[PDB]
Number of protein chains: 2
Amino acid sequence: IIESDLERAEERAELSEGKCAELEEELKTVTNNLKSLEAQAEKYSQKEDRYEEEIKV
Amino acid sequence: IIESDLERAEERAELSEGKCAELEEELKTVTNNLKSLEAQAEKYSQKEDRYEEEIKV
């Protein structure tokens, strides 16, 4: 039972590690997509500012 | 011994699950930021156009 629970504890170490690694990849993916969207939103906020500067002009 | 490895493996499952949950929380935070940023990148692209339109007008 204990060996099976070790296999399970280890499986859970692997599953939770596996999944946390999958989340690291999902996290990096959404972080990179966030950075892209943030950079995009920022490029737009910068364009908004360029226009705002030009709007004011 | 197997139990000690189990406890450690379970501990790894808990530590890894800890990380899994942390990454999940970060994933969701970042993903939620991604989504708010998707909304902002688009609202901003729209503002890029509303402002561009204010310039054109």
# chains A, B, ... in the order shown; residues from 1 in each chain; ligands from 1
call {"tool": "calpha_fit_rmsd", "arguments": {"fixed": "chain A", "moving": "chain B"}}
result
1.7 Å
call {"tool": "interface_residues", "arguments": {"of": "chain B", "to": "chain A", "cutoff": "8 Å", "atoms": "only C-alpha atoms", "output": "VMD selection string"}}
result
chain B and resid 2 to 3 5 to 7 9 to 14 16 to 17 19 to 21 23 to 24 26 to 27 30 to 31 33 to 34 37 to 38 40 to 42 44 to 45 47 to 48 51 to 52 54 to 55
call {"tool": "decode", "arguments": {"residues": "chain B", "atoms": "C-alpha atoms", "output": "PDB file, in the first residue's frame"}}
result
ATOM      1  CA  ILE B   1      11.802   3.852   4.082  1.00  0.00           C
ATOM      2  CA  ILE B   2       9.221   3.808   1.337  1.00  0.00           C
ATOM      3  CA  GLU B   3       6.946   5.741   3.680  1.00  0.00           C
ATOM      4  CA  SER B   4       9.762   8.174   4.390  1.00  0.00           C
ATOM      5  CA  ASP B   5      10.216   8.541   0.643  1.00  0.00           C
ATOM      6  CA  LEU B   6       6.411   8.704   0.430  1.00  0.00           C
ATOM      7  CA  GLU B   7       6.344  11.495   2.945  1.00  0.00           C
ATOM      8  CA  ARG B   8       9.013  13.268   0.989  1.00  0.00           C
ATOM      9  CA  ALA B   9       7.351  12.407  -2.302  1.00  0.00           C
ATOM     10  CA  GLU B  10       4.066  13.512  -0.840  1.00  0.00           C
ATOM     11  CA  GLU B  11       5.911  16.536   0.452  1.00  0.00           C
ATOM     12  CA  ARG B  12       7.090  17.045  -3.087  1.00  0.00           C
ATOM     13  CA  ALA B  13       3.546  16.616  -4.230  1.00  0.00           C
ATOM     14  CA  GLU B  14       2.568  19.272  -1.700  1.00  0.00           C
ATOM     15  CA  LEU B  15       5.475  21.561  -2.578  1.00  0.00           C
ATOM     16  CA  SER B  16       4.875  20.992  -6.252  1.00  0.00           C
ATOM     17  CA  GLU B  17       1.151  21.340  -5.690  1.00  0.00           C
ATOM     18  CA  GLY B  18       2.006  24.430  -3.750  1.00  0.00           C
ATOM     19  CA  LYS B  19       3.916  25.663  -6.773  1.00  0.00           C
ATOM     20  CA  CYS B  20       1.170  24.344  -9.012  1.00  0.00           C
ATOM     21  CA  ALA B  21      -1.395  26.366  -7.128  1.00  0.00           C
ATOM     22  CA  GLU B  22       0.906  29.365  -6.970  1.00  0.00           C
ATOM     23  CA  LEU B  23       1.507  29.198 -10.662  1.00  0.00           C
ATOM     24  CA  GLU B  24      -2.162  28.629 -11.193  1.00  0.00           C
ATOM     25  CA  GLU B  25      -2.884  31.738  -9.164  1.00  0.00           C
ATOM     26  CA  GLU B  26      -0.196  33.563 -11.111  1.00  0.00           C
ATOM     27  CA  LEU B  27      -1.514  32.004 -14.273  1.00  0.00           C
ATOM     28  CA  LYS B  28      -4.928  33.246 -13.522  1.00  0.00           C
ATOM     29  CA  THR B  29      -3.655  36.597 -12.379  1.00  0.00           C
ATOM     30  CA  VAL B  30      -1.592  36.968 -15.498  1.00  0.00           C
ATOM     31  CA  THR B  31      -4.299  35.445 -17.674  1.00  0.00           C
ATOM     32  CA  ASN B  32      -6.795  37.784 -16.071  1.00  0.00           C
ATOM     33  CA  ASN B  33      -4.375  40.551 -16.773  1.00  0.00           C
ATOM     34  CA  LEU B  34      -3.974  39.094 -20.255  1.00  0.00           C
ATOM     35  CA  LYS B  35      -7.694  39.293 -20.709  1.00  0.00           C
ATOM     36  CA  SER B  36      -7.932  42.780 -19.273  1.00  0.00           C
ATOM     37  CA  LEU B  37      -5.012  43.606 -21.528  1.00  0.00           C
ATOM     38  CA  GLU B  38      -6.606  41.948 -24.493  1.00  0.00           C
ATOM     39  CA  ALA B  39      -9.534  44.172 -23.728  1.00  0.00           C
ATOM     40  CA  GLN B  40      -7.169  47.080 -23.293  1.00  0.00           C
ATOM     41  CA  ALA B  41      -5.059  46.314 -26.267  1.00  0.00           C
ATOM     42  CA  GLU B  42      -8.252  46.286 -28.289  1.00  0.00           C
ATOM     43  CA  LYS B  43      -9.794  49.251 -26.523  1.00  0.00           C
ATOM     44  CA  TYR B  44      -6.456  50.922 -26.983  1.00  0.00           C
ATOM     45  CA  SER B  45      -6.355  50.004 -30.658  1.00  0.00           C
ATOM     46  CA  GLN B  46      -9.813  51.490 -30.801  1.00  0.00           C
ATOM     47  CA  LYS B  47      -8.509  54.508 -28.919  1.00  0.00           C
ATOM     48  CA  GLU B  48      -5.596  54.463 -31.372  1.00  0.00           C
ATOM     49  CA  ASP B  49      -8.381  54.991 -33.921  1.00  0.00           C
ATOM     50  CA  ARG B  50     -10.571  57.347 -31.772  1.00  0.00           C
ATOM     51  CA  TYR B  51      -7.536  59.503 -31.163  1.00  0.00           C
ATOM     52  CA  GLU B  52      -6.400  59.149 -34.748  1.00  0.00           C
ATOM     53  CA  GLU B  53      -9.926  60.204 -35.635  1.00  0.00           C
ATOM     54  CA  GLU B  54      -9.725  63.100 -33.256  1.00  0.00           C
ATOM     55  CA  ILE B  55      -6.551  64.031 -35.131  1.00  0.00           C
ATOM     56  CA  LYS B  56      -8.211  63.570 -38.484  1.00  0.00           C
ATOM     57  CA  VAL B  57     -11.228  65.564 -37.402  1.00  0.00           C
TER      58      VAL B  57
END
